[PDB]
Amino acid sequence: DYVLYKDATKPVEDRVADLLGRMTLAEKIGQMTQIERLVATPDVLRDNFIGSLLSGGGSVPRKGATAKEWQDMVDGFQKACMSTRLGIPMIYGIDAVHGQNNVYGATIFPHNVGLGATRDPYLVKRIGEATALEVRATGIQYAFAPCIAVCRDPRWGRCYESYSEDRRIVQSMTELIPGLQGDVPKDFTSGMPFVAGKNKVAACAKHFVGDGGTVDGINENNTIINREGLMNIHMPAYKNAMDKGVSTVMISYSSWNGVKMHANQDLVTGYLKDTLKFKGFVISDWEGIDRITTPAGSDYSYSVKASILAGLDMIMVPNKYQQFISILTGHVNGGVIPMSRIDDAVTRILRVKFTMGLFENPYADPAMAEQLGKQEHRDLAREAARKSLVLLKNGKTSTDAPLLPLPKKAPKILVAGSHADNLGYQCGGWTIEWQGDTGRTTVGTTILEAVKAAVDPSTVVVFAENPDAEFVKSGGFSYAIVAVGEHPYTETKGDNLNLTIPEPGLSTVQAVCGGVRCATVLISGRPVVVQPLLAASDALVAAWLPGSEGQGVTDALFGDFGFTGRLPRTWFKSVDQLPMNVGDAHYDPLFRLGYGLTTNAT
């Protein structure tokens, strides 16, 4: 007879109910499982009724794969899932946090902290639009973004994934969501999930909640603060995500007053679902439930019980799916977890899939392949990079002539530094590899390349990664552009207590600047000790992690556009002042939040 859930002209809620009512326990728990592509097989997917797959940092078909290669991979997995008794399409997720960054050739946009310095939510929205297209260009339909954490301690290795230390700024940047999913209708109810269609992707507000508030910025640690600050600082942005229809929400590895988020039923179910009225689905983080216990995974049985009863709907296993499914099944069979919990979880996952049209368009669109790395997207990225630059100094003294903008026509100029010609460094974490990488790992333009592409034909451009003082003094340079900074990092590998840039760095700047007037470009994912660098430089620009379009940097250095970016964080004088955020008690910043020198286009 007629099958309601397969009828596209029917309301989403009716389709969810109809399908849910035909599912076996195995099929229900299957929808709740998300596995890594590395352990997926047509059989595994079909036999276990897997509801979702993901690609972790660096998890790719093969180095340098094309958009078609990705599309074929995703489609392959989808066909297996479509072959099940109910034919429920799987939703493939990935970390497209500053472009479709795992993919070779994808446009790499500036990381969040930089986007916060632009104070342009519309720009960010546009970035989200370009990003969805490039993700769909690879056949993926779900992006684990935006990370709306409010980093309150720069020592956190994920601070660069935070728009600001000021919730107000982070709230405004939730505009990435409508960019990724598309704008919600005017009638729209806050809390409901939404995705315009096959040319958009499901978004993910992460990490619920207070991930940007761990002590000493220690990742995945404990966030000690009253519900007053929790709700005043780290919660706001989520309410905005609810109003903009964010499809999913990922839970943080961190704890709140000693309680693991992945086990906090009060927050996940009591607040996020019951209070905020979130209707989409709640997903876990990579082995998030394993880490509920300590040692991690030392009681997976407990992990499944706590997490599921806490309110999570989909678990990012992402490897031992057999163990996960076996255990969750046992708990249900034993009454430890009620069918209502399972039904609710499956209701939310299906709601999201139906809403985004997954049942209508389960497969990738070849026509979308060209979206990957499309020049327009790169131009957009270029604009964002330019706008994210924060000029901190532009002259050694009040009477010095401002060094920036530099002249495009000069007899001979020096470009130097470890970061002057290193595309990987310039992109930072979450680029090709999980931890990011060094060198030419994808398509883009380094600062050196951008310089050469900007100067007048007559301007001789010399490159020296680490020239000594004499080399500079004898080179007859008119000026020099020196780029230095942090190395790529992600999550815990990024935790840093001293926050000083690696060498050679300061030394190169001092050597170069000692010999000729210099413009130092600082590449970092957060504010770092900068008095020494400042002392030696004539002009110093905070470029954060620009992305693949380095010309965004030269667009400002040479005056095609004036600097407009403003510090989205507090620049400290010393690390032992930390934490220290705007509105604090002893606020004694080297540069207060909102600071930024300007220039006008020549």
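Residue numbers run from 1 along the displayed sequence.
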| query | finding |
| --- | --- |
| 233-241 or 184-192, whichever carries the higher mean Cα B-factor | 184-192 |
| Comparing 266-274 with 445-453, the one whose average Cα B-factor in the PDB entry is higher | 266-274 |
| Among 388, 71, 162, 322 - the residue whose C-alpha B-factor is largest in the record | 322 |
| Which of 141, 426, 174, 257 ranks first by CA B-factor in the deposited coordinates | 257 |
| Third of chain Cα B-factors occupied by residue 61 | highest |
| Lowest, middle or highest third - CA B-factor, residue 417 | lowest |
| Cα B factor band for residue 30 (lowest, middle or highest third within the chain) | middle |
| Third of the chain, ranked by Cα B-factor, where residue 207 sits | middle |
| B-factor third for the C-alpha atom of residue 576 within its chain | highest |
